[PDB]
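[1] starting from these lines, generate the structure:
(chains A, B, C, D, E, F, G, H, I, J, K, L and M)
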Amino acid sequence: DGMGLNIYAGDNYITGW
Amino acid sequence: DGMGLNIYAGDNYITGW
Amino acid sequence: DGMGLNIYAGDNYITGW
Amino acid sequence: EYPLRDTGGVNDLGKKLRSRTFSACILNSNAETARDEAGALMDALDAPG
Amino acid sequence: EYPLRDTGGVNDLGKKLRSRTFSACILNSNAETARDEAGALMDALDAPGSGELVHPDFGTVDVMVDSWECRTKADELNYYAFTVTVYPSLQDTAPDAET
Amino acid sequence: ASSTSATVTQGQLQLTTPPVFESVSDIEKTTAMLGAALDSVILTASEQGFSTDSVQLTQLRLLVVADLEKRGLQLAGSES
Amino acid sequence: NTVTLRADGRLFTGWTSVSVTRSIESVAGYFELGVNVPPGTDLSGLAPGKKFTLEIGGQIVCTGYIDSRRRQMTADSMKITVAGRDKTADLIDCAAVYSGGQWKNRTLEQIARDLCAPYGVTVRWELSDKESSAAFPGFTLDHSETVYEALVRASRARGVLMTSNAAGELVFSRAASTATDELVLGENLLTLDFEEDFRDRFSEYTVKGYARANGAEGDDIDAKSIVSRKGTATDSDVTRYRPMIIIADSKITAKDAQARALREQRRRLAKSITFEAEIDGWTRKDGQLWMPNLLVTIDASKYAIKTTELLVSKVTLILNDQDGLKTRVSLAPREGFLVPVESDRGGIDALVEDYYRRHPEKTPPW
Amino acid sequence: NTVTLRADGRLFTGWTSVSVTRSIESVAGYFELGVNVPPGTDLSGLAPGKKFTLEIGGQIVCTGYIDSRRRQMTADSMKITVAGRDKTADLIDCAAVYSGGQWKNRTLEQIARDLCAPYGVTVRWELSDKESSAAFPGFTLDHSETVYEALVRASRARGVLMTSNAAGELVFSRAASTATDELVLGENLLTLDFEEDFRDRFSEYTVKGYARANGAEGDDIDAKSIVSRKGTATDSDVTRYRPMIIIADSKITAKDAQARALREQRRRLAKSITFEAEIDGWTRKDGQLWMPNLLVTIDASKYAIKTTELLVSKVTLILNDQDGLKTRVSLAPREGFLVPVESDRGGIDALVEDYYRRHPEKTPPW
Amino acid sequence: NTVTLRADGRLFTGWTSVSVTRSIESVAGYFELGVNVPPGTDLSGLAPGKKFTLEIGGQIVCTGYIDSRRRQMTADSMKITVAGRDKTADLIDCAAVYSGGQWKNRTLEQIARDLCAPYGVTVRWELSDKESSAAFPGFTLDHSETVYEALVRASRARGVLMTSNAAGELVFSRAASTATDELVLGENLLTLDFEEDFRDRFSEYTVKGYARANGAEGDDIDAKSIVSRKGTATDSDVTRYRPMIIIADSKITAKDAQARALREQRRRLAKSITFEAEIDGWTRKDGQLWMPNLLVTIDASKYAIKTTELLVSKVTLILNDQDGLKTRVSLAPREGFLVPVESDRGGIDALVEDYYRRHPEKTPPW
Amino acid sequence: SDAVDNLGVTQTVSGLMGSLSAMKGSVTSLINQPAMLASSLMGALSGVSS
Amino acid sequence: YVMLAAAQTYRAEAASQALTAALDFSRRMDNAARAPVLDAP
Amino acid sequence: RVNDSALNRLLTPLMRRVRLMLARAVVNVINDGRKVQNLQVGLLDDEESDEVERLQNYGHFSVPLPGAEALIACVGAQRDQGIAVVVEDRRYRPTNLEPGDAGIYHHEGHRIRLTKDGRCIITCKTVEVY
Amino acid sequence: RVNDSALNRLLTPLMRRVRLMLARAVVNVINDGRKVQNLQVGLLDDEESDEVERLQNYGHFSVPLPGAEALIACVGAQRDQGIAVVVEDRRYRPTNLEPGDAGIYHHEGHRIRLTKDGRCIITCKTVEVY
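    Numbers count the residues shown, from 1 in each chain, chains lettered A, B, ... in the order given. See the structure here:
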């Protein structure tokens, strides 16, 4: 869930697109 | 594999698209 | 990381696309 | 210990805590002052800080 | 050990360190010089680095301590008991750079 | 068998040998000849192209002779 | 049998844990070593970007550049590692650079040699086929595409599989033919694992796409045959209906369609059946190291297994303290790594080609 | 209460570990068994592709085809397993095959019956709605689309949920109505788990799309209303603003937009609140097995829970040695699995329809 | 130093386990607490949708709305938790609502203030640049796009990074300048972790895209320069070729191209090198809490580490029973969180700008 | 300017030299405006330090 | 006065930086007992 | 989504929609009774599409013959809402013209051509002004 | 696919294929010998595309001059099968016309224009009926 929480929180550096 | 088996089985609620 | 290393290494069989 | 070789490495990181322990006894011939002292020591052993 | 086979064996892998250990005692007829010697032994065993252990059985070695104890009994006014375990001070690098 | 099955060695990798380098006495003779020739070159260079050439060539001679002796004759576990 | 890392300048011999990986289902082989040094010493020969060459005993396994170096220390432990991949892995994450994005009439080897020129990787072509060398009537490059993506896109259509050599080169590998080793359950196996799953293997793969009409063929091809193209490859292992339709990847003819359909079927066959074994020694029976693309004879008959020959697909070498010397060898059927021309065991031209295909060491007439 | 696996030819009764799964949030129910036999015996009745029928006691739970069989053996252990799914799972990974990709004026049941004909799956329609049976003005099939993808795409627009029966059929299921069983914290619960997260539930779901203009409606529809379509569905559980906008999936009208908006709102409601329990017995209170689509009464009031009725969503039966006989039953609110016509508890037509909706066992006038 | 959760109506002071997270690589800071209460009591004040304000000691860390509350109980144990995020997380999962999608000539702060109006989040702009405030010649909004997605696209185009304040506001943050704290290996470190990988860092990033030709500029720009645009940013840490080509995100000029190319290079630099440490105290050396965006001086020389100054990137506070009081602080180089105008340490205008850039507390001329 | 010229024997200082020349040319404008004068002078000092 | 004070402050900061550079140069050298090796760049 | 095949199953539909958004087709039947031309196109293989609207710019009209090649551009990547933007008839196209030309045409001569040096050639058989 | 960078590597090709479907281009060479016009277009930067077929509706024809701006619409998102649907020439376009107009032009006057109140104006130099 270390990454599964970074999606529910914001990510000012986009993961895709 | 809880999510890894839900893909091989059906999903009447679409994950993506 | 068994799959997380296969992305960084080559994959002559494409995972997607 | 390095595999397939005789030598091994040993390194020091600081010092362990001192785990000092002791035993004590409290007896008085009044048989009630002994209970009072034991209760006082219990209260002084279970205390913050 | 192989499945469905009888003849097995082991394979060698280096050699583990020599874990020496000893038991020491500090006693006098004064009950104060004994305490001073015990304190000196405590503060010399609990020191940073490796020291010249001299032992009638081990010899003259350079070791770093790993643990120790100091047991008295509240009945023996002069006796102080110690139990030490030591490891050799072998400090060698893994890669072992060459030219 | 493909090339993925076989592990390449340093000689093939650098290739991408004169017989003199097979035996032991020939290695000794070759090392002696190279040392003498390079020493003569250094001594002569000490009078034209005075200093930098000689200072570089002496270290080159040391390195070449050290490589040849440490890898050709001074092998691990050699007995007589 | 010492693992020496020829970093920039000097040798490094002793290690605490070694893990090397090699496979033909990949374009690189990664290595990870564990180093142990007193706190305070200089570790500069092992830095990201250095040029490394791993040499097991006297033989070289990997060559390339160092990727990562982890250093950590807690109240009671200390651990330092180091990683790295081949020089062929330089193409995977680097975007392809070429002047004119379109190659008009070129073969796959020439396209690869033009694309892998700026980096330094050398392309190696091993197949002696007559149809795998058929030139592309036109091949364009999507912008911001990595060399790995472009070459995989081309090799998938050609049916070839792309791999990395043991010296850092690119290789368009050829499957082995002669059985060289034997793995049995009674003698030289510590652990086996046989998975046989049929959740992906279908019966009829049919590929559909668009024909070629750009330029010269535009004056010849009609309207309907531009859109109507088809190709089929049928499997006999699955007995129920189980079809599958594949949208093509590029401009497609009938023979090209059959080729990819066969490639897809064989890749599914290879991915379905999998064997895994843990042997005791890094070295082979003859004496060399264990590497991928080797035809071995499997005799696990005490476990009621009826497979007889397999082709190794992945080899990982281990030097953990709890493990010792081990190498986990993975195996897959050979019929999954073949080109569509060849098959697993109408004229004079056919007879001569059959002879020169049965005997590969002979020189073809070309 | 023996688990018999009717394979091709003969019965198999004893097992080492059984795990069966069933749910209405899926189109298949998978099973996995563990078999233990002497090394060397023939295991051919349990092979991939065989036709299996699982039978718990005297009742059939799953029927279909075997998928995988694993066999492993190490220096001190030996493990063999087998897996499988329903025959409805044949549609999931198989590509839909039809001659004319477009159905002009057909209903969802007829489209499904025309799509599931070549395989063998029988379609079952349970809904008695008048709007769920409304025919599609036009429905086309994307090429290389699986039957599962096509039918899910249609059922999402219709609001219906698609599931697999216990006999291998396809089912367009109807939610239960009568409270049959009771689950309390004091009597028949070994472990509960109540999760209530509001990271996805919104306030106003609004869907926007394009109108219908292909052909007959093209002579009537104007230009602006072709692009201007809208539908809304509001939730009362989230008191903040929290909106959501959904791009439609196909050609849309106002009523269709409203239906999808609810479909989405109710699916979010079902996915938000989740109950989980571990009861002691495979069998129910009456005596039959535990299966999904059952309305149970929850009386977990000693833990300060205020939910009263829930609908089972997933049932997994276990026969591990450390477990015994267990069945982990998962629970979700009923209002998340309803069609947009119905609701959880203007004329003669409305009154009659209400009556025949409150009494489903009666025959509608149709 | 008590953690008080001001819920709706009253205070809640004691907790069983506390975990708070804050970072500048994210738009929210999540918290998770554990509550142990007798089975049967009421936990209404902690319900999904309530308005919470976390207060550590006398200072507020997070403010927003509660997300989830888990309650579980088995035959041996019983556990209740509660979660939640900021009010800036209200934008992440909520679709942006505006009447006219296109903004003609607006700056990033004005666009953000127009988009975050219906929810309640207040926008804060901290950068004093002259090029980050350059207005967009045109900015449209893809329908059904979240406020987070739109603002992140715009911020990526501008080079700015968006973040959530400690009071719930949106912030377009500015990196720190003065070294305020010191982390050394010998005094106040319980555990360090230094990872340095080079699997992503390239040498030459170059971005290509399409010029602006809509409307006023369409009467001026020629045909070729519409399609021919370019920008480059070169890294000096990778000595091999290693290029990278980026297809742009919106309409792009040359100065904009270099801006994003640099933004990409600096983000890769920040993501490559990572320091992690576990200090003993929640409070700082001066006395305040540990929060992101702080420039610390690293003196880990005993482990042969040559970094001198780093910028904190993530702070997580822990109150477990096995842990005590801990805060895992992560560090990244400062040069990865800068705007393309500034640099890590041709006229009168340049001199004045340099002076007012070195001294940020001064008021610029504007 | 003399300091920058002594610096420029080894490096390229043309931009700073041109900026200083412009500042010297525009003295009368800077005398009347106090903030710009001090800001430019400190900017020039930082440029020398750079 | 302002020009003089600014020049002196920059001089002091430069002196401190020079001290830091000198100490880094001293730190560059190792202190562990190592056998010598022939050097060839 | 841990296995290679699981990831392939998860990621396939998006790429399928991307690959099926734009398409070519042939024209078999044209219906002009509607306010917009309704084509009956034939997609990749064993796939027909009836009642596919054609879009042409304002001020121009033309009724292609059966067998023309169309470019079907599906709206929103659905394989429905298919719209034909261009319908070329390569069998009846004027070829070998001057660098700058512009003119209408018919499938047997009948060229209203505008040529380099100000020539408005009108090649027909029986021109009838009204 | 646990790390952010691994997820980026896994998801990048799909978005690249999406972003490289519709494109602009400049026409440099037009070949009319073929039954379909073959353009030689120039994509984003340092990228050319030779032999790109252009599609135009039946009944109309035109040969654009070099330098026109084309809209390349890749089929199946491949950067091959590139088809040019529209080729505008903004330098030679009639401007400032009445609300409802429809005509045909040439790159120097030569307008066959249909104007509001029933006017079929034919502005040329030497009109030659045949």
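[2] next, count neighbours for residue 12.
    Using chain A here. For residue A:12, the neighbour count with other CB atoms under 10 Å in any protein chain shown is 21. No exception for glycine: its C-beta is placed from N, CA and C like everyone else's.
[3] um, chain L though
    Look at residue L:12: counted by other CB under 10 Å, it has 15 neighbours.
[4] next, the buried residues of the helix or strand hosting it.
    Residue L:12 is part of helix L:4-21, with elements assigned from DSSP states H and E. Buried residues in helix L:4-21, defined by neighbour count with 16 or more other CB atoms under 10 Å in any protein chain shown: L:4-11, L:13-21.
[5] the residues you listed: which ones sit near chain M?
    Contacts with chain M within the buried residues of helix L:4-21, as defined by CB under 8 Å from any CB of the partner chain: L:7, L:11, L:14-15, L:18-21.
[6] tell me which residues touch residue G:278, please.
    By CB atoms under 8 Å, 6 or more residues apart in numbering or on different chains, the residues touching residue G:278 are G:189-192, G:326-329.
[7] go again using 10 Å as the cut-off
    Residue G:278 makes contacts with G:189-193, G:318, G:323, G:326-329, H:74-75, as judged by CB atoms under 10 Å, 6 or more residues apart in numbering or on different chains.
[8] which strands or helices does the helix holding residue L:12 pack on?
    helix B:2-8, strand G:243-247, helix G:254-272, helix H:147-158, helix M:4-19 (3 or more CB pairs under 10 Å, 6 or more residues apart in numbering or on different chains; DSSP states H and E).
[9] report the angle between that helix and helix M:4-19.
    20 degrees (axes from the mean of the first three to the mean of the last three CA atoms, to 10 degrees).
[10] the helix or strand that helix L:4-21 is followed by pairs with which strands?
    Using DSSP H and E, the helix or strand that follows helix L:4-21 in sequence is strand L:22-31. Sheet pairing for strand L:22-31, assigned by DSSP bridges, gives strand L:38-42 (antiparallel), strand L:69-73 (antiparallel).
[11] near the residue nearest to residue D:4 when sequence neighbours are not counted, how many other residues are there?
    With sequence-adjacent residues excluded and distances taken as CB to CB, 6 or more residues apart in numbering or on different chains, residue D:4 is closest to residue E:14, at 6.2 Å. Neighbours of residue E:14 under the rule other CB under 10 Å: 13.
[12] next one: residue E:14 from residue H:90, what distance?
    From residue E:14 across to residue H:90, the span is 57 Å (CB to CB, to the nearest Å).
[13] ok so, going back, just the buried residues from the contacts of residue G:278, in ChimeraX please.
    ChimeraX command restricting those to the buried ones, with burial defined by 16+ other CB under 10 Å:
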select /G:189,190,191,192,193,318,326,327,328,329
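[14] now the contacts of residue G:278 in TSV, with secondary structure?
    Output for the contacts of residue G:278, formatted as TSV (DSSP: H, G, I helix; E, B strand; the rest coil):
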residue	secondary structure
G:189	coil
G:190	coil
G:191	coil
G:192	strand
G:193	strand
G:318	strand
G:323	coil
G:326	strand
G:327	strand
G:328	strand
G:329	strand
H:74	coil
H:75	coil
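[15] and the contacts of residue G:278 as JSON lines, adding distance to chain B?
    Formatted as JSON lines, the contacts of residue G:278 follow (distance: CB to the nearest CB, whole Å):
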{"residue": "G:189", "distance to chain B": "27"}
{"residue": "G:190", "distance to chain B": "26"}
{"residue": "G:191", "distance to chain B": "22"}
{"residue": "G:192", "distance to chain B": "22"}
{"residue": "G:193", "distance to chain B": "17"}
{"residue": "G:318", "distance to chain B": "25"}
{"residue": "G:323", "distance to chain B": "26"}
{"residue": "G:326", "distance to chain B": "26"}
{"residue": "G:327", "distance to chain B": "27"}
{"residue": "G:328", "distance to chain B": "21"}
{"residue": "G:329", "distance to chain B": "25"}
{"residue": "H:74", "distance to chain B": "21"}
{"residue": "H:75", "distance to chain B": "26"}
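[16] ok, which of the contacts of residue G:278 also contact chain D?
    Among the contacts of residue G:278, the residues that sit close to chain D (CB under 10 Å from any CB of the partner chain) are residue G:323.
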